[PDB]
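Data block below; observations after.
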Amino acid sequence: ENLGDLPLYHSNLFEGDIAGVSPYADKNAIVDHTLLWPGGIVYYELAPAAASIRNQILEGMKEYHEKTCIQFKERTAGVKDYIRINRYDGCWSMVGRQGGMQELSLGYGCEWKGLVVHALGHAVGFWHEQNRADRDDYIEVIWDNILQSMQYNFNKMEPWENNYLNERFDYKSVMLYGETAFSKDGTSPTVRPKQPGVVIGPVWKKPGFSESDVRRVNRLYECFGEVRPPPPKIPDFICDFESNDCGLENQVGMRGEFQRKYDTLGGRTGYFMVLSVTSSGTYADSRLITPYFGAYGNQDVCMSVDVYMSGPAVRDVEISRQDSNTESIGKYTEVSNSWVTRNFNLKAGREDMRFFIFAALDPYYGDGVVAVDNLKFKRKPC
Ligand SMILES: [Mg+2]
Ligand SMILES: [Zn+2]
């Protein structure tokens, strides 16, 4: 019944099994100075004495893996902070990460899942449930049934554990000593539960975490499920030319120069790309090279462009989509003598698209204008 917990109560150790703490230490101060494992990644190694019980060690660890975001990894090259597990006298551990090698003992009698999960509980950050600031609301300490050299092991924390307790006093906590801990004669109780009918019982028979233990671990280590919000829509492009070039450049060795121009043409009065010739002038051809646009997702795009063509000098206006090979999508030989929104629906392999706007003007036949406006790029079927 209660003799299974005897390797938990060492004489020269803080609260029986807390190593690296001074037996009569301020309990508020040592808790505040507790360090946690970055990322919930606890590195470890087994001493040769601890190898003989490796299955029972991996059993307690299996408890953290299955319910929390704590990962027990074997120590590899470059790791400096880790737990060396050995078999000393009884079960015990340092509370939190110490920095450098730290010891955990899993002695004779410490094979039980309860004691493995208990000692590993100290290792990752947790203290004793019986000494919480509010424990006296839930348990009575029969000071007269405790050994006089052992009484500090029951001193509770003073309130002011900033933003209060958080998880409620849990009687099924694997971090809670059973009724006969530190008993003077072994059977007389040192702790009495105030809640009618309740018995804490020993730790070695507890199968791992209770529901409240899991909450504490997941809260300390920010373990969670709350899914991040969905990503914003891909912003559809729309050029105006009213304050910029938009990135659309010209080919070098050409006869015409497509220039960013403010004027009036066929109803509208604003900024549009204009290529124009006079009867007196010379042959002008120009290739407006549009910037490179990504599709981001496996979807059929759509490109819009308002095209203006006027004058007998307009010989030909060609729009082409280039990806890995240049493909012609539109060829306009007839002069519309108006603005016409050209709508090209296109498919996407997996590479960025740029567009070409070619225009040829021969002043031999008369005057001519080729204007370009409202250049849009939507990643959805036209
Ligand atoms: Mg002790
Ligand atoms: Zn303990």
Side-chain angles (χ1 to χ4, degrees), residues 1-9 15-18 27 31 34 40 56-57 59-70 72 90-93 95-96 104 106 109-142 145-146 153-157 161 164-183 187-221 223 225:
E1 175 175 333
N2 62 328
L3 308 160
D5 282 4
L6 291 172
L8 282 186
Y9 325 131
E15 286 161 6
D17 66 348
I18 311 179
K27 313 214 185 188
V31 181
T34 298
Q56 293 110 321
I57 309 163
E59 204 49 48
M61 289 176 172
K62 185 192 272 71
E63 179 80 2
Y64 292 76
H65 296 152
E66 272 173 341
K67 291 161 173 194
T68 79
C69 74
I70 302 291
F72 281 97
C91 329
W92 57 245
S93 169
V95 174
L104 186 144
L106 271 177
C110 297
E111 30 260 30
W112 293 107
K113 199 195 168 117
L115 309 164
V116 184
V117 169
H118 184 96
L120 290 161
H122 287 330
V124 311
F126 296 82
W127 292 94
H128 281 133
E129 185 77 339
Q130 65 277 356
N131 295 329
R132 300 164 45 115
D134 62 9
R135 74 105 181 267
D136 281 325
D137 283 349
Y138 310 86
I139 65 172
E140 162 161 66
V141 182
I142 309 128
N145 285 342
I146 310 164
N153 298 334
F154 289 85
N155 270 34
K156 81 163 190 275
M157 302 176 74
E161 278 112 87
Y164 317 162
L165 43 135
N166 289 315
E167 260 59 91
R168 289 175 307 261
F169 197 98
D170 177 23
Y171 288 114
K172 291 161 129 77
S173 193
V174 52
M175 306 303 303
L176 175 73
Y177 281 166
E179 280 87 353
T180 70
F182 304 110
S183 178
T187 52
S188 301
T190 69
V191 146
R192 171 181 82 75
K194 301 191 144 109
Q195 189 172 313
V198 170
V199 183
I200 294 154
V203 177
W204 67 276
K205 260 170 149 182
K206 266 172 180 175
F209 293 147
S210 62
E211 268 190 307
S212 208
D213 287 322
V214 180
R215 298 188 43 98
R216 302 177 175 137
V217 185
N218 300 337
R219 179 213 86 185
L220 216 54
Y221 281 90
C223 313

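Side chains are part of it too, since the values below use all heavy atoms of this structure and drop only hydrogens, waters and symmetry mates. Numbers here are sequence positions counted from 1.
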Of all heavy-atom pairs linking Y171 and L176, the shortest is O-CD2, 3.8 Å

With heavy-atom distances below 4.5 Å as the criterion, would you say the side chains of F169 and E129 are in contact? yes

Between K194 and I139 (side chain of the first, backbone of the second, donor and acceptor by atom type, cut-off under 3.5 Å), is there such a pair? yes

Minimum heavy-atom distance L104-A119, with the two atoms named: CD1-O, 3.7 Å

Apply the test side-chain contact (heavy atoms from CB on, under 4.5 Å) to residues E211 and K172: give CA-CA distance (whole Å), side-chain angles for both, the deciding distance (0.1 Å), then the verdict. CA-CA 8 Å; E211 268 190 307; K172 291 161 129 77; over 6 Å; no

Heavy-atom closest contact (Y221 atom, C69 atom, distance): O-SG, 3.8 Å

Under 4.0 Å between a side-chain nitrogen and a carboxylate oxygen: does that hold for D134 and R132? yes

Taking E179 for the side chain and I200 for the main chain, is one N or O donor matched with an acceptor at less than 3.5 Å? yes

Ignoring hydrogens and angles, state whether a donor on the side chain of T68 or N218 is under 3.5 Å from an acceptor on the partner side chain. no

Could you check if a side-chain atom of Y64 sits within less than 4.5 angstrom of a side-chain atom of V117, using non-hydrogen atoms only? yes

Can you find a side-chain donor-acceptor pair between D170 and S210 that sits under 3.5 Å? yes

Backbone N/O of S188 and side chain of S183: donor-acceptor pair under 3.5 Å: yes

How long is the span from the CG atom in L115 to the SG atom in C110, to the nearest 0.5 Å? 5.5 Å

Spacing of OG1 belonging to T187 relative to CG belonging to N2, to within rounding of 0.5 Å: 8.0 Å

With a 4.5 Å heavy-atom cut-off, do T190 and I142 have their side chains touching? no

Where do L8 and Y177 land on the side-chain contact (heavy atoms from CB on, under 4.5 Å) test, with the steps shown first? CA-CA 9 Å; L8 282 186; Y177 281 166; 3.7 Å; yes

Check for a donor-acceptor pair, side chain of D5 on one end and backbone N or O of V203 on the other, with a separation under 3.5 Å. yes

Could you measure the distance from the CE atom of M61 to the NZ atom of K113? Nearest 0.5 Å is fine. 12.5 Å

Compare every heavy atom of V174 with every heavy atom of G114, then report the nearest pair and how far apart it is. O-CG2, 3.4 Å

Non-hydrogen side-chain atoms of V214 and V217 separated by less than 4.5 Å: no

Is the shortest heavy-atom distance from the side chain of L106 to the side chain of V116 under 4.5 Å? yes

Are the side chains of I146 and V141 in touch, meaning some heavy atoms are under 4.5 Å apart? yes

Where the side chain of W112 meets the backbone of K206, is there a donor-acceptor pair that is under 3.5 Å apart? no

Do other residues, nucleotides or ligands put more than 12 heavy atoms under 6.0 Å from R168 CZ? no

Count the heavy atoms of every other residue, nucleotide or ligand shown that sit under 6.0 Å from CD of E140, and state whether that count exceeds 12. yes

N-O pairing of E63 and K67 below 4.0 Å: yes

Between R135 and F154 (side chain of the first, backbone of the second, donor and acceptor by atom type, cut-off under 3.5 Å), is there such a pair? yes

Taking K156 first and then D136, would you say they form a salt bridge - that is, a charged N and a carboxylate O separated by under 4.0 Å? yes

Do you see a donor-acceptor pair shorter than 3.5 Å between the side chains of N153 and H128? no

With a 4.5 Å cut-off on side-chain heavy atoms, are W127 and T34 touching? yes

Does the pair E161/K27 count as a salt bridge with the N-to-O cut at 4.0 Å? no

Could you tell me whether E167 and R216 have a side-chain N and a carboxylate O separated by less than 4.0 Å? no

Using atom types as modelled and distance alone, determine if a side-chain donor or acceptor of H122 lies under 3.5 Å from a backbone N or O of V95. no

Minimum side-chain heavy-atom gap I18-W92 below 4.5 Å: no

Quick check for you: to the nearest 0.5 Å, what is the distance between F72 atom CZ and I57 atom CD1? 11.0 Å

